[PDB]
>>> print(open('query24.txt').read())   # compact mmCIF, C-alpha atoms and all ligand atoms
# COMPACT_ATOMS: atom_id res chain seq x y z
CA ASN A 33 -219.81 -27.03 -55.13
CA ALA A 34 -216.99 -28.90 -56.87
CA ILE A 35 -215.77 -27.39 -60.12
CA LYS A 36 -216.03 -29.57 -63.23
CA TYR A 37 -212.86 -31.29 -64.37
CA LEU A 38 -212.25 -30.28 -68.03
CA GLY A 39 -215.70 -28.57 -67.95
CA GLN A 40 -217.40 -31.96 -68.21
CA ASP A 41 -220.83 -31.63 -66.59
CA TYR A 42 -222.11 -34.87 -65.06
CA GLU A 43 -225.81 -34.04 -64.78
CA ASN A 44 -225.95 -32.31 -68.18
CA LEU A 45 -224.18 -35.18 -69.92
CA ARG A 46 -226.37 -37.75 -68.14
CA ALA A 47 -229.64 -36.01 -68.98
CA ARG A 48 -228.59 -35.51 -72.64
CA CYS A 49 -227.55 -39.13 -73.06
CA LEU A 50 -230.90 -40.20 -71.60
CA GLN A 51 -232.76 -37.87 -73.99
CA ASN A 52 -230.71 -39.03 -76.97
CA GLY A 53 -231.32 -42.75 -76.11
CA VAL A 54 -227.60 -43.53 -75.82
CA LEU A 55 -224.99 -44.40 -73.20
CA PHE A 56 -222.18 -41.95 -72.45
CA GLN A 57 -218.72 -42.57 -74.00
CA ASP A 58 -216.04 -40.34 -72.53
CA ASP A 59 -214.08 -38.38 -75.15
CA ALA A 60 -211.65 -37.30 -72.37
CA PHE A 61 -210.74 -40.88 -71.33
CA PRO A 62 -212.09 -43.17 -74.07
CA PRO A 63 -212.39 -47.01 -74.09
CA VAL A 64 -209.16 -47.57 -76.01
CA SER A 65 -205.59 -48.66 -75.23
CA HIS A 66 -204.22 -45.16 -74.50
CA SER A 67 -206.48 -45.08 -71.40
CA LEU A 68 -204.87 -48.37 -70.26
CA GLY A 69 -201.32 -47.16 -70.68
CA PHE A 70 -198.20 -46.64 -72.73
CA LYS A 71 -195.59 -49.34 -72.02
CA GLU A 72 -196.68 -52.37 -70.00
CA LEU A 73 -200.23 -51.50 -71.04
CA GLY A 74 -199.26 -49.99 -74.44
CA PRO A 75 -200.98 -50.57 -77.81
CA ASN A 76 -198.66 -53.47 -78.71
CA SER A 77 -198.26 -55.10 -75.27
CA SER A 78 -199.32 -58.61 -74.24
CA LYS A 79 -201.46 -57.23 -71.40
CA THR A 80 -203.34 -54.78 -73.64
CA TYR A 81 -204.11 -57.47 -76.24
CA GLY A 82 -206.19 -59.50 -73.75
CA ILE A 83 -208.42 -56.64 -72.56
CA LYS A 84 -211.89 -55.74 -73.79
CA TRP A 85 -213.85 -52.75 -72.52
CA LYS A 86 -217.30 -53.65 -71.18
CA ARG A 87 -219.98 -51.93 -69.10
CA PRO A 88 -221.26 -53.60 -65.89
CA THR A 89 -224.67 -53.68 -67.67
CA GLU A 90 -223.00 -55.86 -70.33
CA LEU A 91 -221.46 -58.22 -67.70
CA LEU A 92 -224.36 -58.87 -65.36
CA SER A 93 -228.12 -58.78 -65.29
CA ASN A 94 -228.13 -56.86 -61.98
CA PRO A 95 -225.04 -54.66 -61.57
CA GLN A 96 -225.04 -52.43 -58.50
CA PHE A 97 -223.15 -49.27 -57.72
CA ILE A 98 -223.08 -49.93 -53.95
CA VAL A 99 -224.07 -53.19 -52.19
CA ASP A 100 -224.25 -53.38 -48.36
CA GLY A 101 -222.47 -50.01 -48.12
CA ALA A 102 -219.23 -48.73 -49.66
CA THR A 103 -216.75 -50.56 -47.37
CA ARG A 104 -213.15 -51.70 -47.31
CA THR A 105 -213.96 -55.29 -48.41
CA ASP A 106 -215.06 -53.66 -51.67
CA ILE A 107 -211.38 -52.92 -52.45
CA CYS A 108 -209.73 -55.99 -53.98
CA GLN A 109 -206.64 -55.15 -56.03
CA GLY A 110 -206.36 -56.41 -59.60
CA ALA A 111 -203.46 -56.59 -62.04
CA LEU A 112 -202.07 -53.10 -61.57
CA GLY A 113 -199.35 -51.61 -59.35
CA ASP A 114 -201.76 -49.24 -57.57
CA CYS A 115 -201.64 -50.69 -54.03
CA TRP A 116 -200.98 -47.17 -52.63
CA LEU A 117 -204.21 -45.79 -54.15
CA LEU A 118 -206.22 -48.83 -53.05
CA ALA A 119 -204.89 -48.68 -49.47
CA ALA A 120 -206.10 -45.07 -49.43
CA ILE A 121 -209.58 -45.94 -50.75
CA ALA A 122 -209.93 -48.71 -48.18
CA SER A 123 -208.96 -46.22 -45.39
CA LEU A 124 -211.36 -43.64 -46.87
CA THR A 125 -214.32 -46.00 -46.32
CA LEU A 126 -213.86 -45.72 -42.53
CA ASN A 127 -214.87 -42.06 -42.59
CA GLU A 128 -218.48 -41.84 -43.77
CA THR A 129 -218.43 -38.07 -44.32
CA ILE A 130 -215.39 -37.90 -46.60
CA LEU A 131 -216.25 -41.20 -48.30
CA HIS A 132 -219.47 -39.79 -49.62
CA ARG A 133 -217.88 -36.52 -50.66
CA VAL A 134 -215.58 -38.53 -52.91
CA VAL A 135 -218.37 -40.96 -53.88
CA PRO A 136 -221.55 -38.87 -54.37
CA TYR A 137 -224.92 -40.33 -53.55
CA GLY A 138 -227.59 -41.02 -56.06
CA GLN A 139 -225.72 -43.14 -58.62
CA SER A 140 -227.31 -46.29 -59.94
CA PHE A 141 -227.52 -48.75 -62.80
CA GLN A 142 -231.32 -48.47 -62.71
CA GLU A 143 -233.42 -45.30 -62.79
CA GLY A 144 -231.62 -42.47 -64.61
CA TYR A 145 -228.70 -44.68 -65.74
CA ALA A 146 -227.00 -43.50 -68.93
CA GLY A 147 -223.51 -45.11 -68.62
CA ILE A 148 -221.93 -42.19 -66.74
CA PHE A 149 -220.71 -41.85 -63.12
CA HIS A 150 -218.81 -39.14 -61.21
CA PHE A 151 -216.49 -38.70 -58.24
CA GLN A 152 -214.93 -35.78 -56.45
CA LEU A 153 -211.21 -35.42 -55.98
CA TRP A 154 -208.86 -32.84 -54.50
CA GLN A 155 -206.81 -31.95 -57.58
CA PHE A 156 -204.98 -28.85 -58.82
CA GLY A 157 -205.64 -27.23 -55.40
CA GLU A 158 -209.40 -27.54 -56.06
CA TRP A 159 -212.23 -29.96 -55.26
CA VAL A 160 -213.10 -31.27 -58.73
CA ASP A 161 -215.92 -33.41 -60.13
CA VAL A 162 -214.62 -36.07 -62.48
CA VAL A 163 -216.90 -37.98 -64.83
CA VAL A 164 -216.28 -41.40 -66.34
CA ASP A 165 -218.24 -43.62 -68.65
CA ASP A 166 -218.73 -47.10 -67.18
CA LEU A 167 -216.79 -49.04 -69.85
CA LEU A 168 -214.26 -51.01 -67.77
CA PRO A 169 -211.18 -53.11 -68.66
CA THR A 170 -212.18 -56.80 -68.63
CA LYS A 171 -210.73 -60.16 -69.63
CA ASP A 172 -212.90 -63.27 -70.00
CA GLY A 173 -215.87 -61.41 -68.49
CA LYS A 174 -214.11 -60.30 -65.30
CA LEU A 175 -212.64 -56.97 -64.22
CA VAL A 176 -208.84 -56.79 -64.74
CA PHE A 177 -208.16 -54.09 -62.14
CA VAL A 178 -209.90 -53.25 -58.83
CA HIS A 179 -213.03 -55.22 -57.97
CA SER A 180 -215.26 -55.81 -54.94
CA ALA A 181 -215.53 -59.02 -52.92
CA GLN A 182 -219.24 -58.53 -53.89
CA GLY A 183 -219.00 -59.56 -57.56
CA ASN A 184 -221.87 -57.35 -58.73
CA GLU A 185 -220.63 -54.16 -57.03
CA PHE A 186 -218.91 -51.46 -59.13
CA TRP A 187 -218.34 -48.21 -57.16
CA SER A 188 -214.66 -48.99 -56.42
CA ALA A 189 -213.93 -50.07 -60.02
CA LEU A 190 -215.45 -46.82 -61.26
CA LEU A 191 -213.53 -44.75 -58.66
CA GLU A 192 -210.22 -46.34 -59.63
CA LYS A 193 -211.13 -45.49 -63.26
CA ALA A 194 -211.77 -41.81 -62.37
CA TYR A 195 -208.42 -41.66 -60.57
CA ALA A 196 -206.67 -43.23 -63.62
CA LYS A 197 -208.41 -40.57 -65.74
CA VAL A 198 -206.99 -37.61 -63.82
CA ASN A 199 -203.54 -39.27 -63.97
CA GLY A 200 -203.75 -40.00 -67.69
CA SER A 201 -203.99 -43.80 -67.77
CA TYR A 202 -204.20 -46.84 -65.56
CA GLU A 203 -200.50 -47.50 -66.11
CA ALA A 204 -199.76 -44.01 -64.73
CA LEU A 205 -200.97 -45.46 -61.34
CA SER A 206 -198.27 -48.20 -61.26
CA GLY A 207 -196.08 -47.42 -58.22
CA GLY A 208 -196.83 -44.54 -55.90
CA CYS A 209 -197.26 -42.95 -52.52
CA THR A 210 -200.21 -43.74 -50.25
CA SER A 211 -200.16 -40.16 -48.91
CA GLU A 212 -200.64 -38.79 -52.42
CA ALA A 213 -203.92 -40.64 -52.69
CA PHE A 214 -204.76 -39.63 -49.10
CA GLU A 215 -204.34 -35.95 -50.05
CA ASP A 216 -206.32 -36.40 -53.27
CA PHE A 217 -209.26 -37.68 -51.19
CA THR A 218 -209.13 -35.03 -48.45
CA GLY A 219 -207.03 -31.87 -49.09
CA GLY A 220 -205.51 -32.80 -45.74
CA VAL A 221 -202.13 -32.56 -44.02
CA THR A 222 -199.92 -35.64 -44.37
CA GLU A 223 -197.21 -36.71 -41.95
CA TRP A 224 -195.12 -39.87 -41.74
CA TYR A 225 -193.32 -41.76 -38.98
CA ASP A 226 -190.14 -43.80 -39.02
CA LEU A 227 -191.23 -46.85 -37.06
CA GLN A 228 -187.63 -47.68 -36.12
CA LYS A 229 -187.57 -44.30 -34.39
CA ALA A 230 -191.18 -44.32 -33.18
CA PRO A 231 -192.08 -41.72 -30.57
CA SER A 232 -193.09 -43.25 -27.23
CA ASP A 233 -196.66 -41.92 -27.67
CA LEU A 234 -197.18 -43.26 -31.20
CA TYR A 235 -199.95 -45.67 -30.18
CA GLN A 236 -201.93 -42.78 -28.67
CA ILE A 237 -201.28 -40.76 -31.86
CA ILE A 238 -202.73 -43.65 -33.86
CA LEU A 239 -205.77 -44.03 -31.57
CA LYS A 240 -206.56 -40.34 -31.88
CA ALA A 241 -206.16 -40.27 -35.66
CA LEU A 242 -208.40 -43.29 -36.12
CA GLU A 243 -210.99 -41.65 -33.79
CA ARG A 244 -211.15 -38.52 -35.91
CA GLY A 245 -211.40 -40.48 -39.16
CA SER A 246 -207.90 -39.58 -40.37
CA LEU A 247 -206.46 -41.89 -43.03
CA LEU A 248 -203.61 -44.24 -42.01
CA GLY A 249 -201.42 -46.57 -44.03
CA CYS A 250 -198.21 -48.47 -43.49
CA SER A 251 -195.47 -50.28 -45.39
CA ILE A 252 -192.24 -52.25 -45.15
CA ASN A 253 -189.27 -50.79 -46.95
CA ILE A 254 -187.25 -53.13 -49.15
CA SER A 255 -183.74 -52.11 -48.04
CA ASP A 256 -181.99 -54.56 -50.44
CA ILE A 257 -184.11 -54.56 -53.67
CA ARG A 258 -185.76 -58.01 -53.45
CA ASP A 259 -182.99 -60.44 -52.42
CA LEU A 260 -184.90 -61.68 -49.38
CA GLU A 261 -188.10 -62.24 -51.45
CA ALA A 262 -191.13 -59.95 -52.02
CA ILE A 263 -192.98 -61.70 -49.16
CA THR A 264 -191.48 -62.09 -45.65
CA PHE A 265 -191.20 -65.37 -43.71
CA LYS A 266 -194.34 -64.40 -41.72
CA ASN A 267 -196.34 -63.55 -44.90
CA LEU A 268 -196.13 -59.75 -44.99
CA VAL A 269 -195.63 -58.11 -48.41
CA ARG A 270 -192.61 -55.77 -48.67
CA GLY A 271 -192.75 -52.53 -50.71
CA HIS A 272 -196.54 -52.68 -50.46
CA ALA A 273 -199.23 -50.32 -49.12
CA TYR A 274 -201.46 -51.55 -46.29
CA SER A 275 -204.40 -49.64 -44.77
CA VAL A 276 -204.35 -49.28 -40.99
CA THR A 277 -207.98 -50.00 -40.06
CA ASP A 278 -208.19 -50.20 -36.26
CA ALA A 279 -206.34 -50.04 -32.98
CA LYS A 280 -207.76 -51.79 -29.91
CA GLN A 281 -206.48 -53.03 -26.54
CA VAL A 282 -207.10 -56.64 -25.41
CA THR A 283 -206.68 -58.33 -22.04
CA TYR A 284 -204.14 -61.09 -22.61
CA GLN A 285 -203.68 -63.38 -19.62
CA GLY A 286 -204.86 -60.53 -17.37
CA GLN A 287 -202.53 -57.92 -18.92
CA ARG A 288 -203.41 -55.21 -21.45
CA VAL A 289 -201.83 -55.64 -24.89
CA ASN A 290 -202.03 -52.88 -27.51
CA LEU A 291 -203.11 -54.24 -30.92
CA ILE A 292 -203.31 -52.69 -34.37
CA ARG A 293 -205.41 -53.87 -37.33
CA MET A 294 -204.45 -53.55 -40.98
CA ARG A 295 -205.65 -54.62 -44.37
CA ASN A 296 -203.79 -55.81 -47.43
CA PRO A 297 -205.57 -54.16 -50.44
CA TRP A 298 -205.22 -57.54 -52.20
CA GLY A 299 -208.12 -58.72 -49.97
CA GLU A 300 -205.91 -61.73 -49.14
CA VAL A 301 -202.37 -62.71 -47.97
CA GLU A 302 -202.03 -61.99 -44.28
CA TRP A 303 -199.52 -61.91 -41.42
CA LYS A 304 -199.10 -65.32 -39.79
CA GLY A 305 -197.36 -64.21 -36.58
CA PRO A 306 -198.82 -63.52 -33.14
CA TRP A 307 -202.42 -62.21 -33.23
CA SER A 308 -202.93 -63.42 -36.81
CA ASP A 309 -206.33 -65.00 -37.46
CA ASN A 310 -205.26 -68.57 -36.53
CA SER A 311 -202.78 -67.66 -33.80
CA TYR A 312 -202.89 -69.13 -30.30
CA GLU A 313 -202.85 -65.68 -28.64
CA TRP A 314 -206.62 -65.40 -29.09
CA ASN A 315 -207.13 -68.39 -26.75
CA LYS A 316 -205.84 -66.30 -23.82
CA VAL A 317 -208.08 -63.24 -24.14
CA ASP A 318 -211.59 -63.15 -22.64
CA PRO A 319 -214.16 -64.56 -25.14
CA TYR A 320 -216.04 -61.23 -25.52
CA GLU A 321 -212.89 -59.39 -26.71
CA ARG A 322 -212.01 -62.34 -28.97
CA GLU A 323 -215.53 -62.31 -30.44
CA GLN A 324 -215.54 -58.51 -31.00
CA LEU A 325 -212.09 -58.34 -32.57
CA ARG A 326 -211.04 -61.63 -34.20
CA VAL A 327 -212.52 -62.51 -37.58
CA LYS A 328 -211.35 -65.86 -38.99
CA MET A 329 -211.43 -65.07 -42.72
CA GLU A 330 -208.91 -64.79 -45.52
CA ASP A 331 -209.99 -61.23 -46.25
CA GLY A 332 -206.61 -59.44 -46.18
CA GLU A 333 -207.31 -58.01 -42.72
CA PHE A 334 -205.52 -59.02 -39.54
CA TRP A 335 -204.20 -57.87 -36.18
CA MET A 336 -200.65 -57.46 -34.86
CA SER A 337 -199.44 -56.39 -31.47
CA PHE A 338 -198.17 -52.82 -31.67
CA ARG A 339 -194.78 -54.17 -30.53
CA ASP A 340 -194.59 -56.57 -33.51
CA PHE A 341 -196.03 -53.86 -35.84
CA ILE A 342 -193.22 -51.39 -35.13
CA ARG A 343 -190.64 -54.17 -35.54
CA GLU A 344 -192.05 -55.49 -38.85
CA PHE A 345 -193.20 -52.28 -40.57
CA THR A 346 -190.94 -49.33 -41.31
CA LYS A 347 -193.23 -46.48 -42.34
CA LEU A 348 -196.56 -45.16 -41.08
CA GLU A 349 -198.42 -42.40 -42.98
CA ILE A 350 -201.23 -40.38 -41.47
CA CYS A 351 -203.40 -37.93 -43.35
CA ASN A 352 -205.20 -35.59 -40.93
CA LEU A 353 -208.37 -33.65 -41.85
CA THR A 354 -210.08 -30.41 -40.66
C1 LIG A 401 -197.86 -52.17 -54.52
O1 LIG A 401 -197.13 -53.06 -53.67
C2 LIG A 401 -196.84 -51.39 -55.34
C3 LIG A 401 -195.91 -52.31 -56.16
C4 LIG A 401 -195.09 -51.50 -57.15
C5 LIG A 401 -195.56 -51.33 -58.45
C6 LIG A 401 -194.82 -50.58 -59.37
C7 LIG A 401 -193.62 -49.99 -58.97
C8 LIG A 401 -193.14 -50.16 -57.67
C9 LIG A 401 -193.88 -50.91 -56.75
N1 LIG A 401 -196.05 -50.62 -54.36
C10 LIG A 401 -195.94 -49.30 -54.40
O2 LIG A 401 -196.46 -48.57 -55.24
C11 LIG A 401 -195.10 -48.70 -53.26
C12 LIG A 401 -196.07 -48.41 -52.10
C13 LIG A 401 -195.35 -47.77 -50.89
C14 LIG A 401 -194.23 -48.64 -50.28
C15 LIG A 401 -196.35 -47.36 -49.80
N2 LIG A 401 -194.49 -47.47 -53.78
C16 LIG A 401 -193.21 -47.38 -54.10
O3 LIG A 401 -192.41 -48.31 -53.98
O4 LIG A 401 -192.77 -46.18 -54.59
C17 LIG A 401 -192.27 -46.36 -55.94
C18 LIG A 401 -192.23 -45.03 -56.66
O5 LIG A 401 -192.92 -45.18 -57.91
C19 LIG A 401 -193.51 -43.91 -58.25
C20 LIG A 401 -193.30 -43.64 -59.73
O6 LIG A 401 -194.05 -42.47 -60.07
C21 LIG A 401 -193.49 -41.85 -61.24
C22 LIG A 401 -198.75 -52.98 -55.48
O7 LIG A 401 -199.57 -52.40 -56.20
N3 LIG A 401 -198.56 -54.30 -55.49
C23 LIG A 401 -199.33 -55.19 -56.37
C24 LIG A 401 -198.69 -55.32 -57.76
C25 LIG A 401 -198.65 -56.49 -56.80
CA CA A 402 -220.03 -53.12 -50.58
CA CA A 403 -208.22 -62.01 -41.91
>>> encode(input="query24.txt", output="structure tokens")
Amino acid sequence: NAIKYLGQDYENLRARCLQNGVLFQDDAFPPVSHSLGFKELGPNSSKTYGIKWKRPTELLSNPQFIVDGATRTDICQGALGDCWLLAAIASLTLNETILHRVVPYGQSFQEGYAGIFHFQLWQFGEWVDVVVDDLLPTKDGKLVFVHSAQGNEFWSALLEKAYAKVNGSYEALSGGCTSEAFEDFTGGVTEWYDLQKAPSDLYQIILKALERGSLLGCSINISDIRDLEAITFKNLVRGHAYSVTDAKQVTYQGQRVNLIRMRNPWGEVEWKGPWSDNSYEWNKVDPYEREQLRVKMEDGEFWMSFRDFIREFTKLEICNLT
């Protein structure tokens, strides 16, 4: 059983709050500016000034911890530089077992609610249970940071808060390494691949990792700084963590083509090249494959051929489990 971060005891705190007729407020990560940050989110910063801390039970009549499962569409980045963390959470959702280690069952805004939630992370070389109160940064009634495509769903917001907690503040999550979040969700072994020097069996390596529920992410290095724009001509985001979410082979004009699926943690802004949602390539695969694989939605998720993937992206990270 996970050891308690800082000795904070989720069930004890919950039961005592319920008995005392109050909602939990977390002394270890309180609803004040120092939990937001120190510079860009510091006490005197423009961003801090516009934020008010509110519980989901203050925002909505019917807040829900999980709605239609804890899935990758639940991860929509807000106004924070934590794409790396969010790419990792989105990948985490594809492995049911590890997902629900990190996100324990039995948490609700109804029976037994007392304004406290908990999550398990691999931290300090231990599996640790981290509590948070459910006060969340908001502006004009909406979450400022991560939110779900399902507007009344809060598990991912609360998880991002717990991860901020262990790192000291939300601002502490601005800029990072996808593999660091991968490790913090698994205790696993991380490896990376230079896509410009990809081994000839990389696609098989990817297939196998996805099969076993390993976590995969990818990115495009900015080799100049940003003097060819943050976004590429074909609508990829440079210096930005994507989750790799599938790998499947289609029959394109009678010939197998290896495809790879990825997801922008923004929940929007997608590749517009071959195999993109509106591309013509889909017209030349058999309708069953097209229907299984293609989803015409601005949801941040899209396909690329593996060929185009290894040309466009520069880095692949894989976190392998037990
Ligand atoms: C991601 O794209 C962020 C944007 C970002 C924010 C703050 C600083 C730098 C970049 N991208 C990253 O965090 C990238 C992700 C990798 C390419 C996978 N990390 C990175 O460039 O490493 C920087 C090192 O910083 C670590 C400092 O630790 C002390 C994003 O969140 N984008 C949305 C804001 C638009
Ligand atoms: Ca959901
Ligand atoms: Ca899409």
>>> residues_around(input="query24.txt", residues="residue 352 of chain A", least_positions_apart="6", cutoff="7 Å", atoms="all atoms listed in the file", output="count of residues only")
5
>>> closest_residue(input="query24.txt", among="A:188, A:354, A:311, A:324", to="ligand CA 402 (chain A)", atoms="only C-alpha atoms and all ligand atoms")
A:188
>>> closest_atom_pairs(input="query24.txt", of="chain A", to="ligand CA 402 (chain A)", cutoff="9 Å", atoms="all atoms listed in the file", output="tab-separated table")
residue	atom	partner	partner_atom	distance
A:97	CA	A:CA402	CA	8.7
A:98	CA	A:CA402	CA	5.6
A:99	CA	A:CA402	CA	4.3
A:100	CA	A:CA402	CA	4.8
A:101	CA	A:CA402	CA	4.7
A:102	CA	A:CA402	CA	4.6
A:103	CA	A:CA402	CA	5.3
A:104	CA	A:CA402	CA	7.7
A:105	CA	A:CA402	CA	6.8
A:106	CA	A:CA402	CA	5.1
A:107	CA	A:CA402	CA	8.9
A:180	CA	A:CA402	CA	7.0
A:181	CA	A:CA402	CA	7.8
A:182	CA	A:CA402	CA	6.4
A:185	CA	A:CA402	CA	6.6
A:186	CA	A:CA402	CA	8.8
A:187	CA	A:CA402	CA	8.4
A:188	CA	A:CA402	CA	8.9
>>> axis_aligned_box(input="query24.txt", around="ligand LIG 401 (chain A)", padding_each_side="8 Å", output="lines of an AutoDock Vina configuration file")
center_x = -195.9
center_y = -49.2
center_z = -55.5
size_x = 23.3
size_y = 30.6
size_z = 27.4
>>> residues_near_point(input="query24.txt", point="(-215.0, -41.0, -45.3)", cutoff="9 Å", atoms="all atoms listed in the file", output="list in words")
residues 123, 124, 125, 126, 127, 128, 129, 130, 131, 132, 133, 134, 217, 218, 245, 246 and 247 of chain A
>>> closest_residue(input="query24.txt", among="A:160, A:70, A:344, A:283", to="residue 219 of chain A", atoms="all atoms listed in the file")
A:160
>>> closest_residue(input="query24.txt", among="A:271, A:110, A:297, A:88", to="residue 148 of chain A", atoms="only C-alpha atoms")
A:88
>>> closest_atom_pairs(input="query24.txt", of="chain A", to="ligand CA 403 (chain A)", cutoff="6 Å", atoms="all atoms listed in the file", output="CSV")
residue,atom,partner,partner_atom,distance
A:309,CA,A:CA403,CA,5.7
A:328,CA,A:CA403,CA,5.8
A:329,CA,A:CA403,CA,4.5
A:330,CA,A:CA403,CA,4.6
A:331,CA,A:CA403,CA,4.8
A:332,CA,A:CA403,CA,5.2
A:333,CA,A:CA403,CA,4.2
A:334,CA,A:CA403,CA,4.7
>>> closest_residue(input="query24.txt", among="A:249, A:319, A:286, A:63", to="ligand LIG 401 (chain A)", atoms="all atoms listed in the file")
A:249
>>> closest_residue(input="query24.txt", among="A:72, A:165, A:256, A:158", to="residue 49 of chain A", atoms="only C-alpha atoms")
A:165
>>> residues_near_ligand(input="query24.txt", ligand="ligand LIG 401 (chain A)", cutoff="7 Å", atoms="all atoms listed in the file", output="PyMOL selection string")
chain A and resi 111-116+206-210+250-253+271-273
>>> residues_around(input="query24.txt", residues="residue 190 of chain A", least_positions_apart="4", cutoff="10 Å", atoms="all atoms listed in the file", output="PDB file with C-alpha atoms, in the coordinates of the input")
ATOM      1  CA  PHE A  97    -223.150 -49.270 -57.720  1.00  0.00           C
ATOM      2  CA  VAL A 135    -218.370 -40.960 -53.880  1.00  0.00           C
ATOM      3  CA  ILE A 148    -221.930 -42.190 -66.740  1.00  0.00           C
ATOM      4  CA  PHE A 149    -220.710 -41.850 -63.120  1.00  0.00           C
ATOM      5  CA  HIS A 150    -218.810 -39.140 -61.210  1.00  0.00           C
ATOM      6  CA  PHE A 151    -216.490 -38.700 -58.240  1.00  0.00           C
ATOM      7  CA  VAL A 163    -216.900 -37.980 -64.830  1.00  0.00           C
ATOM      8  CA  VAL A 164    -216.280 -41.400 -66.340  1.00  0.00           C
ATOM      9  CA  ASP A 165    -218.240 -43.620 -68.650  1.00  0.00           C
ATOM     10  CA  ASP A 166    -218.730 -47.100 -67.180  1.00  0.00           C
ATOM     11  CA  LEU A 167    -216.790 -49.040 -69.850  1.00  0.00           C
ATOM     12  CA  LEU A 168    -214.260 -51.010 -67.770  1.00  0.00           C
ATOM     13  CA  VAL A 178    -209.900 -53.250 -58.830  1.00  0.00           C
ATOM     14  CA  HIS A 179    -213.030 -55.220 -57.970  1.00  0.00           C
ATOM     15  CA  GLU A 185    -220.630 -54.160 -57.030  1.00  0.00           C
ATOM     16  CA  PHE A 186    -218.910 -51.460 -59.130  1.00  0.00           C
ATOM     17  CA  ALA A 194    -211.770 -41.810 -62.370  1.00  0.00           C
ATOM     18  CA  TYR A 195    -208.420 -41.660 -60.570  1.00  0.00           C
ATOM     19  CA  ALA A 196    -206.670 -43.230 -63.620  1.00  0.00           C
TER      20      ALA A 196
END
>>> residues_around(input="query24.txt", residues="segment 76-81 of chain A", least_positions_apart="5", cutoff="12 Å", atoms="only C-alpha atoms", output="ChimeraX atom specification")
/A:63-71,111-112,169-171,176-177,202-203
>>> write_last_selection(input="query24.txt", atoms="C-alpha atoms", output="compact mmCIF listing (two decimals), keeping the file's coordinate frame")
# COMPACT_ATOMS: atom_id res chain seq x y z
CA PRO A 63 -212.39 -47.01 -74.09
CA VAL A 64 -209.16 -47.57 -76.01
CA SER A 65 -205.59 -48.66 -75.23
CA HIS A 66 -204.22 -45.16 -74.50
CA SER A 67 -206.48 -45.08 -71.40
CA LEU A 68 -204.87 -48.37 -70.26
CA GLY A 69 -201.32 -47.16 -70.68
CA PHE A 70 -198.20 -46.64 -72.73
CA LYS A 71 -195.59 -49.34 -72.02
CA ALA A 111 -203.46 -56.59 -62.04
CA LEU A 112 -202.07 -53.10 -61.57
CA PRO A 169 -211.18 -53.11 -68.66
CA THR A 170 -212.18 -56.80 -68.63
CA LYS A 171 -210.73 -60.16 -69.63
CA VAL A 176 -208.84 -56.79 -64.74
CA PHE A 177 -208.16 -54.09 -62.14
CA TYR A 202 -204.20 -46.84 -65.56
CA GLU A 203 -200.50 -47.50 -66.11
>>> closest_residue(input="query24.txt", among="A:292, A:350, A:262, A:301", to="residue 325 of chain A", atoms="all atoms listed in the file")
A:292
>>> atom_distance(input="query24.txt", atom1="atom CA of residue 341 of chain A", atom2="atom CA of residue 239 of chain A")
14.5 Å
>>> atom_distance(input="query24.txt", atom1="atom CA of residue 74 of chain A", atom2="atom CA of residue 200 of chain A")
12.9 Å
>>> atom_distance(input="query24.txt", atom1="atom CA of residue 109 of chain A", atom2="atom CA of residue 58 of chain A")
24.1 Å
>>> residues_around(input="query24.txt", residues="residue 231 of chain A", least_positions_apart="6", cutoff="12 Å", atoms="all atoms listed in the file", output="NGL selection string")
:A and (224-225 or 237-238 or 342 or 348)
>>> residues_near_point(input="query24.txt", point="(-190.9, -50.8, -32.6)", cutoff="7 Å", atoms="only C-alpha atoms", output="list in words")
residues 227, 228, 230, 339, 340, 341, 342 and 343 of chain A
